[PDB]
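Structure record follows, encoded as structure tokens.
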Amino acid sequence: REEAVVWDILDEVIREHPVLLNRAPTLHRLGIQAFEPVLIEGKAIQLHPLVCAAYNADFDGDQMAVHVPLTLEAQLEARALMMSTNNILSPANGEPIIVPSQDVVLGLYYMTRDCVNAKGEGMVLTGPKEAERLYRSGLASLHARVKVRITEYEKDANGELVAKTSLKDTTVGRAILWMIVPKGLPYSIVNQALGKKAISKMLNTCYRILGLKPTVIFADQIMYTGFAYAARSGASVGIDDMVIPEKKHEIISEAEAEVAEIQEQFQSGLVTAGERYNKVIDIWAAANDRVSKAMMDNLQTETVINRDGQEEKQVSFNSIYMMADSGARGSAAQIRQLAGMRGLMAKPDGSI
Amino acid sequence: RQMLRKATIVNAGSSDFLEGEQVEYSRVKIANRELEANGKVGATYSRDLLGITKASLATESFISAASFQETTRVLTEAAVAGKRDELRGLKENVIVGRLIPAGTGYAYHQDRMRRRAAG
Amino acid sequence: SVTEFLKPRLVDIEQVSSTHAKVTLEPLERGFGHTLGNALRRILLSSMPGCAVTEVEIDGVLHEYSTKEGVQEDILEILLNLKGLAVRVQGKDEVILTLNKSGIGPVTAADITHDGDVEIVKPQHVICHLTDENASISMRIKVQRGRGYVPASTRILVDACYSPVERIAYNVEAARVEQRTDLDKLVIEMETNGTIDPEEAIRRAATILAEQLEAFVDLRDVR
Amino acid sequence: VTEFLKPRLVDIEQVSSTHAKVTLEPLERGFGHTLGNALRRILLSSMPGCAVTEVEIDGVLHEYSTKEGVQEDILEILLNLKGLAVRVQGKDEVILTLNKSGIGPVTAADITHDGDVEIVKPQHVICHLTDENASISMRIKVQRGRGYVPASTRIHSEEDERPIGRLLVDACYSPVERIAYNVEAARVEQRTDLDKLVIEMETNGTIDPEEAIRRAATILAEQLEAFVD
Amino acid sequence: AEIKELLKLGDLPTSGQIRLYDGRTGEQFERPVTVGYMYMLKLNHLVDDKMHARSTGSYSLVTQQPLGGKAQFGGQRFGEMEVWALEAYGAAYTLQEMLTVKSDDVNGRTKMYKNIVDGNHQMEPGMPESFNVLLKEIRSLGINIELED
Amino acid sequence: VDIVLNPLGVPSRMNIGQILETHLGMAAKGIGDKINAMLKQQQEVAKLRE
Amino acid sequence: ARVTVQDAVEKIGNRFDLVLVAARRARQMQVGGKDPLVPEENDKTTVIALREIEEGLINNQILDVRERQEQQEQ
Amino acid sequence: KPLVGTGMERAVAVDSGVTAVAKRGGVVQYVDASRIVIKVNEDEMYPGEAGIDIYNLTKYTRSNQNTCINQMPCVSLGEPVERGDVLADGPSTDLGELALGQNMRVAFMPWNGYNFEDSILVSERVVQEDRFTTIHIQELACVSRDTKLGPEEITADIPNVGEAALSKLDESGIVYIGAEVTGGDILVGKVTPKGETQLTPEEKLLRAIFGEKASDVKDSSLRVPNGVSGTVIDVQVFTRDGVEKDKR
Amino acid sequence: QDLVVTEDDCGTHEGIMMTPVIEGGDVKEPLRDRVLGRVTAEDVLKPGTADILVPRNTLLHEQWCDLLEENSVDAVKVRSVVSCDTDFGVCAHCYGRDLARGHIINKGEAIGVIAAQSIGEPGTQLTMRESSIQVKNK
């Protein structure tokens, strides 16, 4: 009859009974984890970015497997061993299994940045209402010279933490992210531009210092905070964001003449066909390297900003460049192909 | 450590005048014989590594390594030996459905092994 | 039915501290709960009455690059710690208070001249650092009454933290009523500045908004 | 409050019968953003209306089938006629009707005019006819709902009912379909510079702009009422 | 180039970046974004076969196992690599039940169903039927099947 | 707009074509909307023709 | 729920007997005849047994001693 | 219709032949939701020929991939068209294009984790207008199979059966076209006769009291699939020659 | 299929010395992690003569690593697999924790199970194919 009272009964049962999930091709011990089951109104499974890479799927047409611990020993073991909330560090490399690799990294990066001097650049405060000074008005995560009294806590005493108040200047976003940060770590870690490897270092150090419980608290908080802040950014893409360096059109032309020169040698018979081929290959490689350098410089931190000096070469804001810098997605090698030449990329089977 | 086992011996050493005895078993025999009873019983052994394609046949449970690659000759040999699987390996306790001496069941199997002591 | 909307009945609120607390509500309409929470934040933050500290005339150089003169507190430091003091004007308008003490060093809230309508939530609130010797100084600070907040860069002179709160946010959770599961629940988590009951402040904000909008409903819900 | 200067409804301009740009009085700082956002949200949220809910037509038995003399499919009939919207009186769950023959285009006007409903535009589509001899006969039942009610959301309502010949379709049941905010600051000289928010509202024409705004405001007030407690 | 030009002819941003408003909190959005219309196609592999469950099924006449790929509420078969993974867990109860409860057990299936009804949470190992079947297959070919104690 | 696309995948597949699609679609939807708006005032045949 | 299990691992050390003790307590609670020494909050017997063991009240020796006392009292 | 394609879809449907080309036609004679009749002008009308063409497109034809192909008519009335003109609107086609898919508005931004790597965020809007709703037509069948224990015939006579099941069946046992179907609803009800009984005093009394079934006919009925529900679009039947049941 | 932890201590001084991999141009893999979670033999001693850095059986949790980095020692003899005298698998004194369990691997730990999926994990490999002397530093 599909009774709603039955629905209530099932929800009462569904509370204290964990479940197991796994992906299609088992490759690691990371393929299957255990977690608290929560009903969702749909026709699919909902997965946090917690076990994502370990699941080795890719948000595409895929399947998962659910396992019901029937015996009490089964439940105890799964919450004890199969539970994802324990596979923190990768059993093989020793590094964290849970390595935040989604756009949350991009959001934390957008937290700790400073263009040159934004609105209220010289603002100095305590920090608690910095959430107002940013969210309401007054401050941006991209702001510089924001001085704040920082109440760090170092567990210098044997099994005991001691607080300390300073006047560290930073950006709005880094100091804000310091709020959800746990007590142990010094704020020097929070003084950065928040790249991906930086996130990795933060996670590992936190694992070293505190322990799994606050570590998981911080991890989830980082997930939520990134999912929020990066959303405040949007960070779209467009045709103009990729900028074509005009120098290649000259440099390549120069290399073109070089090839003709090599060709002329082949016409004179002085350069062997293999020798001419090697020379042309080296010339093309050098031209490619020069063009790649030119494209990088065009996409480097090369943008003049109006200010007292009015010539302030700061970090560029193009999606691809910043994402590669922090480490979000894509490759600088990928970018060069997309905007400069794709490279040699010549191999019928082995040849060039 | 898997790739090296079943050591070959040059001197019989009162153990056996053959080749291919488990290096661990050979050492165990040497310890239980040289130290306890016959120190003069020394079997000069030679350790050589083994390849995966063949070393798979080196198993102590007949159920194990049975379907390893083929079974026809394997089953023939197992019957010819009048051999007993003895329910020892992980695959053994699994296919048999015995509490493997692993995980929490290790102690249980150990307890079973404890029961295997008294009887 | 057509115009009936779900009202929240479970209003259980857990107080973490005298200022830190989180309340939660029963099912609000899907999307309506989120709108309610966002508007609650916008109103309760964009405008919040309270007496606050704005400007002082301390004994020494009017420039920020001044000397400690044995106070062992930078001018910015003493100013910020003074901003970290809860001055509530009962009925008094912008008034002035001054302080002077011996050279103990412990700069608590008991040194300044006591007023009737002026009240301090914290008798141990820090104002400046420990003096180096028996030297004193004249505060000559003033406290005003206002709503919301204002930067001191524009309006002269330390700050305008007229809102007597610390932090607040709303979290939206989902649930089912009986079977339909598109049910929204708003749970606020807020630390207060102090001297203000979060329940009383919330009720005051609700009344403020209701009065601010009552002219629009065209005297709706007459009977 | 300290002279909170509450805004009020004023300067309401009707761009069209279903396109409107209305104004309000100026308000104090910080409310205009909240006012406009909450207004757009609540207005789009719950605008009760009347629409076609179940169809019982003499001709077809299976709507996935064709019909001689008629051009559009029966599913096409359901789609185009789903464009039927009409003002409804206090009466709800009514049965309007429409039956006609001929060779001209079929318009919404050829519907049985009852005393509790009003068709906004004679220009909707009723599957314009093709042959002289054919005669379409239908009676459309209209219900009053607040939002989109799924086709199988109404499935459980009929246990022994709903014979082959009476069928259900989906709807929106919300004549709002547009509510947007634009806050400016003007007409403030005697006091501090206040802000007036203009609301762009393009309803289905079923609900009046001011009436709908008032209903939404009453809903919001009812909501905020518990918030004090 | 002609696209960006016609954007001006369409009175639209040639760059395409445009203001955005967050429907959840109503903040003017940073990073003016370029938005548009894109085509999208729905591919065959719809959900209409995705969802799949099972609670209690029938055993086969031979090997007494579950059905398969949604054939009569069928159920898929686990993986040997997954079995190795399960061993890597060292979850003896889990693997034991998987080889017992989620396997060909008939008389153990009934006992377990009765226990689950009674809330006993116990599985009885016994010996797999496939074991005796393979023993017979040995006896079926030219070798006696005899198991010592 | 009813579709908010995950944008972070833009680089790792050189899907510039998606961006070209975004631009072309914005322009074309604009052209159609403008023509329909011209129709809303029941504009003349010669004017819409030009 | 109790997301991560580290306290029980430290209380046991071998990490394989901790689950055994938890399951032994859980089966005994499910069958009956025992009372939870920790204040339950309408949860599964597994979580309650895990909490009681981690509280420093249930061990492989406490349960054995209690069982021996119960058997001898018959 | 596909807004920005590659220019080919016209021909890609033209030569594909899921639509109808106007073979030697000059103007439209009759247009119908089941066919189109076109009168051929005398210039191209063959002598002694009707000068009329009837293209009877078939809606709701269950094609190879279990999809739902239903060719639609292009013209409305009296449309003058020359030879080979696109006359039929085919599946995923619109006035002659490979109309494969929906042109939906989108914007570029990540947000709130719901668009983590390869996710698309369709709000309630495209649910409302329900663009991209899927169509399908799926079939089933049954057989009579005159048997040794007794022929199974579609008589809707199901002994020991609930009445509501028969509420949708015909005297033939068929279901009338246009019905709704959910669950395991009986589809084609045959009754396979079983081995005859003796005097059988218990069974004799059973036939005396209730009778007419005697468990002689065992349920040889067809029922709707489990977890597949719908509405009966169309039916067909083929009986071995010499068998003239033809009830419905 | 048979590898698992069965013994605690090997009681055998036999082991292998681990040194930084200074191969090619420079050190590809420093012996800071190569023995990071290792438990050496009695071969741990300070660079000074008659100066000892660590005892026989001890695992470098985190602090001996930097101290030995100050000691400028390259190779240390530690007990290893098989080298652990247990006659079946190996003793725990030559396995370490090397996993998310900061506590050492426990008795019954199927290290071979722990391994043997580990080796093949990178299923992303590539396939289908005296005169010049330069000094790096002083």
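The chains in the structure tokens are called A, B, ... from first to last as shown; in each chain the residues are counted from 1, and the ligands are counted from 1 in the order shown.
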Tell me which protein, DNA and RNA residues are within 10 Å of residue 60 in chain C, counting only C-alpha atoms, leaving out same-chain ones fewer than 6 positions away, and put them as a PyMOL selection string.
-> chain C and resi 66-69+75+137-138
Strand (DSSP E or B) per DSSP on the backbone: members of chain I, as a PyMOL selection string | chain I and resi 5-7+16-18+21-23+26-29+39-40+58-59+76-78+90-91
DSSP says helix (DSSP H, G or I) for which residues of chain F? Put them as a PyMOL selection string?
-> chain F and resi 11-13+16-40+45-49
Just how far from CA of residue 146 in chain C is CA of residue 2 in chain D, in Å to one decimal?
->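 Interatomic distance here is 9.4 Å.
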Starting from chain E, keep only residues with some atom at most 12 Å from an atom of chain D, counting only C-alpha atoms, and report them as a VMD selection string.
-> chain E and resid 21 to 28
Find the spatial neighbours of residue 129 in chain E, counting only C-alpha atoms, within a cut-off of 10 Å - ignore same-chain residues fewer than 3 positions away - and output them as a PyMOL selection string.
-> chain E and resi 62-64+104-106+126+132-135
To one decimal in Å, tell me the separation between CA of residue 153 in chain A and CA of residue 220 in chain A.
->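 These two atoms are separated by 21.1 Å.
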Write out as a PyMOL selection string the residues lying within 12 Å of residue 83 in chain C, counting only C-alpha atoms and excluding same-chain residues fewer than 2 positions away.
-> (chain A and resi 125-126) or (chain C and resi 51-56+76-81+85-87+109+125-128+141-143+152+157-162+164+193)
Within 9 Å of chain I: residues of chain B, using only C-alpha atoms, as a PyMOL selection string | chain B and resi 1-2+24-25+27-28+64+88-91+101-104+106-107
Just the selected residues (C-alpha atoms), exported as a JSON list (two decimals), in the first residue's frame, please.
[["chain", "number", "residue", "atom", "x", "y", "z"],
["B", 1, "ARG", "CA", 60.15, -12.41, -0.89],
["B", 2, "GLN", "CA", 57.44, -14.26, -2.77],
["B", 24, "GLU", "CA", 61.62, -21.54, 5.07],
["B", 25, "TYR", "CA", 61.01, -25.27, 5.54],
["B", 27, "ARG", "CA", 65.70, -23.41, 7.51],
["B", 28, "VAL", "CA", 63.12, -24.82, 9.93],
["B", 64, "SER", "CA", 44.45, -23.11, -3.90],
["B", 88, "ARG", "CA", 45.12, -23.12, 5.46],
["B", 89, "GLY", "CA", 45.35, -20.32, 2.88],
["B", 90, "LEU", "CA", 43.15, -17.27, 2.43],
["B", 91, "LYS", "CA", 41.64, -18.62, -0.79],
["B", 101, "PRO", "CA", 43.28, -16.46, 9.95],
["B", 102, "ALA", "CA", 42.97, -12.81, 8.97],
["B", 103, "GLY", "CA", 41.19, -9.77, 10.37],
["B", 104, "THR", "CA", 39.13, -10.39, 13.48],
["B", 106, "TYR", "CA", 42.56, -14.42, 12.67],
["B", 107, "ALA", "CA", 42.11, -14.65, 16.44]]
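If we count only C-alpha atoms, these residues of chain C sit within 7 Å of chain A: residues 166, 167, 178 and 179 of chain C.
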Deliver the residues from the most recent selection as a file, using N, CA and C atoms, as a short mmCIF file (atom, residue, chain, number, x, y, z; two decimals), in the first residue's frame.
data_model
loop_
_atom_site.label_atom_id
_atom_site.label_comp_id
_atom_site.auth_asym_id
_atom_site.auth_seq_id
_atom_site.Cartn_x
_atom_site.Cartn_y
_atom_site.Cartn_z
N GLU C 166 27.73 40.28 16.90
CA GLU C 166 29.04 39.79 16.48
C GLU C 166 29.03 39.12 15.12
N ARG C 167 28.21 38.08 14.94
CA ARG C 167 28.13 37.37 13.68
C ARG C 167 26.82 36.60 13.65
N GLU C 178 5.02 15.07 5.39
CA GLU C 178 4.64 13.68 5.59
C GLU C 178 5.28 12.78 4.53
N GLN C 179 5.09 13.10 3.25
CA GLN C 179 5.74 12.41 2.15
C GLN C 179 6.53 13.35 1.26
#
Find the spatial neighbours of residue 123 in chain I, counting only C-alpha atoms, within a cut-off of 12 Å - ignore same-chain residues fewer than 3 positions away - and output them as a list in words.
->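 Skipping anything fewer than 3 positions along the chain leaves residues 25, 26, 27, 28 and 56 of chain A; 117, 118, 119, 120, 126 and 127 of chain I.
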Please write the residues from the selection above to a file, keeping N, CA, C and O atoms, as a short mmCIF file (atom, residue, chain, number, x, y, z; two decimals), in the first residue's frame.
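Output file again-v6.cif is given in full below:
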data_model
loop_
_atom_site.label_atom_id
_atom_site.label_comp_id
_atom_site.auth_asym_id
_atom_site.auth_seq_id
_atom_site.Cartn_x
_atom_site.Cartn_y
_atom_site.Cartn_z
N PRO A 25 35.13 -0.82 -11.90
CA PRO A 25 36.35 -1.63 -11.89
C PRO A 25 37.16 -1.40 -10.62
O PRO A 25 37.75 -0.33 -10.44
N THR A 26 37.21 -2.40 -9.76
CA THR A 26 37.97 -2.33 -8.52
C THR A 26 39.45 -2.32 -8.87
O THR A 26 39.92 -3.22 -9.58
N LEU A 27 40.16 -1.30 -8.42
CA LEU A 27 41.60 -1.21 -8.64
C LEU A 27 42.38 -0.99 -7.36
O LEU A 27 43.45 -1.58 -7.18
N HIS A 28 41.88 -0.16 -6.46
CA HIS A 28 42.53 0.16 -5.21
C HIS A 28 41.68 -0.35 -4.06
O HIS A 28 40.57 -0.85 -4.26
N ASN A 56 37.23 6.76 -8.52
CA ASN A 56 37.80 6.63 -9.85
C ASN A 56 36.78 6.80 -10.97
O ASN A 56 37.08 6.54 -12.13
N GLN I 117 48.12 -5.02 -4.73
CA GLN I 117 47.23 -4.18 -5.52
C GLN I 117 48.00 -2.88 -5.66
O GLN I 117 47.88 -2.17 -6.66
N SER I 118 48.82 -2.61 -4.66
CA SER I 118 49.65 -1.42 -4.63
C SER I 118 50.58 -1.34 -5.83
O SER I 118 50.67 -0.28 -6.45
N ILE I 119 51.25 -2.44 -6.17
CA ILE I 119 52.24 -2.40 -7.25
C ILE I 119 51.58 -2.06 -8.58
O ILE I 119 52.04 -1.16 -9.30
N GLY I 120 50.50 -2.74 -8.93
CA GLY I 120 49.87 -2.53 -10.21
C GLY I 120 48.99 -1.31 -10.30
O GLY I 120 48.40 -1.07 -11.36
N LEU I 126 53.16 3.70 -19.90
CA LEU I 126 53.45 3.91 -21.31
C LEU I 126 54.00 2.62 -21.90
O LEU I 126 54.76 1.90 -21.26
N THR I 127 53.60 2.34 -23.14
CA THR I 127 54.01 1.10 -23.78
C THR I 127 54.27 1.31 -25.26
O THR I 127 54.29 2.45 -25.74
#
Can you tell me how far CA of residue 75 in chain I sits from CA of residue 207 in chain A, in Å to one decimal?
->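 Computing it gives 28.5 Å between the two atoms.
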Expected answer as a ChimeraX atom specification: chain E residues within 12 Å of chain G, only C-alpha atoms | /E:89-93,115-116,118-122
Selection above as a file: N, CA, C and O atoms, as an mmCIF file, in the first residue's frame:
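Final output, saved to again_15.cif:
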data_model
loop_
_atom_site.group_PDB
_atom_site.id
_atom_site.type_symbol
_atom_site.label_atom_id
_atom_site.label_comp_id
_atom_site.auth_asym_id
_atom_site.auth_seq_id
_atom_site.Cartn_x
_atom_site.Cartn_y
_atom_site.Cartn_z
ATOM 1 N N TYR E 89 40.373 -5.394 2.895
ATOM 2 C CA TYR E 89 39.700 -4.870 4.069
ATOM 3 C C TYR E 89 39.919 -5.737 5.294
ATOM 4 O O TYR E 89 39.889 -5.222 6.416
ATOM 5 N N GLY E 90 40.146 -7.031 5.110
ATOM 6 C CA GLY E 90 40.177 -7.930 6.243
ATOM 7 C C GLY E 90 38.843 -8.008 6.946
ATOM 8 O O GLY E 90 38.794 -8.228 8.161
ATOM 9 N N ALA E 91 37.750 -7.832 6.205
ATOM 10 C CA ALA E 91 36.402 -7.859 6.763
ATOM 11 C C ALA E 91 35.872 -9.283 6.645
ATOM 12 O O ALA E 91 35.129 -9.633 5.727
ATOM 13 N N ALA E 92 36.281 -10.115 7.603
ATOM 14 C CA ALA E 92 35.955 -11.534 7.538
ATOM 15 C C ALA E 92 34.451 -11.754 7.546
ATOM 16 O O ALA E 92 33.939 -12.582 6.784
ATOM 17 N N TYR E 93 33.726 -11.020 8.387
ATOM 18 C CA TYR E 93 32.275 -11.138 8.387
ATOM 19 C C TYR E 93 31.701 -10.773 7.028
ATOM 20 O O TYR E 93 30.820 -11.469 6.512
ATOM 21 N N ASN E 115 15.893 -15.603 10.739
ATOM 22 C CA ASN E 115 16.613 -14.835 11.745
ATOM 23 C C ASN E 115 16.406 -13.337 11.562
ATOM 24 O O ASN E 115 16.219 -12.614 12.546
ATOM 25 N N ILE E 116 16.434 -12.862 10.317
ATOM 26 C CA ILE E 116 16.218 -11.447 10.039
ATOM 27 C C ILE E 116 14.809 -11.044 10.437
ATOM 28 O O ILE E 116 14.577 -9.931 10.921
ATOM 29 N N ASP E 118 13.265 -12.531 12.914
ATOM 30 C CA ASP E 118 13.365 -12.567 14.367
ATOM 31 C C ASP E 118 14.420 -11.621 14.921
ATOM 32 O O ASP E 118 14.521 -11.483 16.143
ATOM 33 N N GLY E 119 15.204 -10.971 14.062
ATOM 34 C CA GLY E 119 16.265 -10.111 14.545
ATOM 35 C C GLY E 119 17.369 -10.836 15.277
ATOM 36 O O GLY E 119 17.813 -10.372 16.333
ATOM 37 N N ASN E 120 17.823 -11.975 14.752
ATOM 38 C CA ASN E 120 18.873 -12.760 15.390
ATOM 39 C C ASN E 120 20.263 -12.406 14.872
ATOM 40 O O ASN E 120 21.229 -12.426 15.643
ATOM 41 N N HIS E 121 20.379 -12.090 13.579
ATOM 42 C CA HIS E 121 21.641 -11.702 12.952
ATOM 43 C C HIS E 121 22.697 -12.802 13.097
ATOM 44 O O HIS E 121 23.729 -12.634 13.751
ATOM 45 N N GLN E 122 22.413 -13.944 12.476
ATOM 46 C CA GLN E 122 23.333 -15.072 12.481
ATOM 47 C C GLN E 122 23.269 -15.795 11.144
ATOM 48 O O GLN E 122 22.186 -16.002 10.592
#
Leaving out residue 28 in chain F and any residue of its chain fewer than 6 positions from it, which residues lie within 9 Å of it when counting only C-alpha atoms, given as number ranges by chain?
-> E: 10, 36-37; H: 3-4
Using only C-alpha atoms, select each residue of chain A with any atom at most 8 Å away from an atom of chain E, and give the selection as a VMD selection string.
-> chain A and resid 26 to 29 43 to 44 69 to 74 77 to 78 81 to 82 232 to 240
Quick one: write out the picked residues with N, CA, C and O atoms as a compact mmCIF listing (two decimals), in the first residue's frame?
# COMPACT_ATOMS: atom_id res chain seq x y z
N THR A 26 37.21 -2.40 -9.76
CA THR A 26 37.97 -2.33 -8.52
C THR A 26 39.45 -2.32 -8.87
O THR A 26 39.92 -3.22 -9.58
N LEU A 27 40.16 -1.30 -8.42
CA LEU A 27 41.60 -1.21 -8.64
C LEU A 27 42.38 -0.99 -7.36
O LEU A 27 43.45 -1.58 -7.18
N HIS A 28 41.88 -0.16 -6.46
CA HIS A 28 42.53 0.16 -5.21
C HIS A 28 41.68 -0.35 -4.06
O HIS A 28 40.57 -0.85 -4.26
N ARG A 29 42.21 -0.24 -2.84
CA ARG A 29 41.36 -0.40 -1.66
C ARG A 29 40.46 0.81 -1.48
O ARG A 29 39.59 0.82 -0.60
N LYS A 43 16.41 9.68 -8.74
CA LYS A 43 16.72 8.37 -9.29
C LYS A 43 18.22 8.18 -9.49
O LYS A 43 18.63 7.65 -10.53
N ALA A 44 19.04 8.61 -8.53
CA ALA A 44 20.49 8.50 -8.63
C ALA A 44 21.10 8.63 -7.25
O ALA A 44 20.39 8.91 -6.28
N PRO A 69 25.04 -4.02 5.34
CA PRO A 69 25.52 -4.87 6.43
C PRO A 69 24.37 -5.49 7.21
O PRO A 69 23.68 -4.82 7.98
N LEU A 70 24.17 -6.78 7.00
CA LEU A 70 23.11 -7.51 7.68
C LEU A 70 23.52 -7.94 9.09
O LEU A 70 22.84 -7.61 10.06
N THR A 71 24.62 -8.67 9.21
CA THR A 71 25.12 -9.03 10.53
C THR A 71 25.61 -7.79 11.27
O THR A 71 26.06 -6.81 10.67
N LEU A 72 25.51 -7.85 12.60
CA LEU A 72 26.00 -6.75 13.42
C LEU A 72 27.51 -6.58 13.26
O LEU A 72 28.01 -5.45 13.23
N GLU A 73 28.23 -7.70 13.17
CA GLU A 73 29.67 -7.63 12.92
C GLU A 73 29.96 -6.91 11.61
O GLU A 73 30.92 -6.15 11.51
N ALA A 74 29.14 -7.16 10.58
CA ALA A 74 29.31 -6.47 9.31
C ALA A 74 29.22 -4.97 9.49
O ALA A 74 30.09 -4.23 9.01
N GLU A 77 32.30 -3.61 11.48
CA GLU A 77 33.50 -3.56 10.66
C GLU A 77 33.42 -2.44 9.62
O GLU A 77 34.39 -1.69 9.46
N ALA A 78 32.29 -2.31 8.93
CA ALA A 78 32.17 -1.31 7.88
C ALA A 78 32.29 0.10 8.44
O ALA A 78 32.97 0.95 7.84
N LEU A 81 36.15 -0.07 9.42
CA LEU A 81 37.20 -0.20 8.42
C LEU A 81 36.75 0.32 7.06
O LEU A 81 37.48 1.08 6.41
N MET A 82 35.57 -0.09 6.62
CA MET A 82 35.05 0.34 5.33
C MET A 82 34.57 1.78 5.38
O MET A 82 34.38 2.40 4.33
N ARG A 232 30.73 32.63 -5.19
CA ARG A 232 30.72 34.09 -5.21
C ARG A 232 31.56 34.65 -6.35
O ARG A 232 31.37 35.81 -6.73
N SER A 233 32.47 33.86 -6.92
CA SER A 233 33.33 34.32 -8.00
C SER A 233 32.76 34.02 -9.38
O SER A 233 32.91 34.85 -10.29
N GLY A 234 32.13 32.87 -9.57
CA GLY A 234 31.64 32.51 -10.88
C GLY A 234 32.74 31.98 -11.77
O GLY A 234 32.79 30.79 -12.07
N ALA A 235 33.65 32.87 -12.20
CA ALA A 235 34.82 32.49 -12.98
C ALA A 235 34.41 31.79 -14.29
O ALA A 235 34.58 30.58 -14.46
N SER A 236 33.83 32.57 -15.19
CA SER A 236 33.43 32.04 -16.48
C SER A 236 34.63 31.99 -17.43
O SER A 236 35.78 32.24 -17.05
N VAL A 237 34.35 31.65 -18.69
CA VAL A 237 35.36 31.55 -19.74
C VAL A 237 34.80 32.20 -21.00
O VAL A 237 33.59 32.35 -21.17
N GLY A 238 35.70 32.59 -21.90
CA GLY A 238 35.27 33.25 -23.12
C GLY A 238 36.39 33.31 -24.13
O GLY A 238 37.54 32.96 -23.84
N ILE A 239 36.03 33.76 -25.34
CA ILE A 239 36.99 33.79 -26.44
C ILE A 239 38.14 34.75 -26.13
O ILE A 239 39.31 34.45 -26.41
N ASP A 240 37.82 35.91 -25.56
CA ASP A 240 38.83 36.94 -25.34
C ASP A 240 39.79 36.60 -24.21
O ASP A 240 40.92 37.12 -24.21
Please return, as a list in words, all residues of chain I lying within 12 Å of chain A when only C-alpha atoms are considered.
->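 Result: residues 33, 34, 36, 37, 61, 62, 96, 97, 98, 99, 100, 101, 102, 105, 111, 113, 114, 115, 116, 117, 118, 119, 120, 121, 122, 123, 124, 128 and 129 of chain I.
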Residues at most 7 Å from range 41-46 of chain G, counting only C-alpha atoms, excluding those fewer than 2 positions away in the same chain, as a PyMOL selection string?
-> (chain A and resi 16+72+76) or (chain G and resi 22-23+26+29+39+48-50)
Within 10 Å of chain A, which residues of chain H show up? Give each one with its shortest atom-to-atom distance in Å (one decimal) and the two atoms involved, counting only C-alpha atoms, rows by chain then rising residue number, as JSON lines.
{"residue": "H:107", "atom": "CA", "partner": "A:236", "partner_atom": "CA", "distance": 8.5}
{"residue": "H:108", "atom": "CA", "partner": "A:236", "partner_atom": "CA", "distance": 5.1}
{"residue": "H:109", "atom": "CA", "partner": "A:234", "partner_atom": "CA", "distance": 4.6}
{"residue": "H:110", "atom": "CA", "partner": "A:234", "partner_atom": "CA", "distance": 5.5}
{"residue": "H:111", "atom": "CA", "partner": "A:231", "partner_atom": "CA", "distance": 4.2}
{"residue": "H:112", "atom": "CA", "partner": "A:227", "partner_atom": "CA", "distance": 4.5}
{"residue": "H:113", "atom": "CA", "partner": "A:227", "partner_atom": "CA", "distance": 5.1}
{"residue": "H:114", "atom": "CA", "partner": "A:227", "partner_atom": "CA", "distance": 8.6}
{"residue": "H:115", "atom": "CA", "partner": "A:103", "partner_atom": "CA", "distance": 9.5}
{"residue": "H:116", "atom": "CA", "partner": "A:102", "partner_atom": "CA", "distance": 6.7}
{"residue": "H:117", "atom": "CA", "partner": "A:59", "partner_atom": "CA", "distance": 6.7}
{"residue": "H:118", "atom": "CA", "partner": "A:59", "partner_atom": "CA", "distance": 5.7}
{"residue": "H:119", "atom": "CA", "partner": "A:59", "partner_atom": "CA", "distance": 6.9}
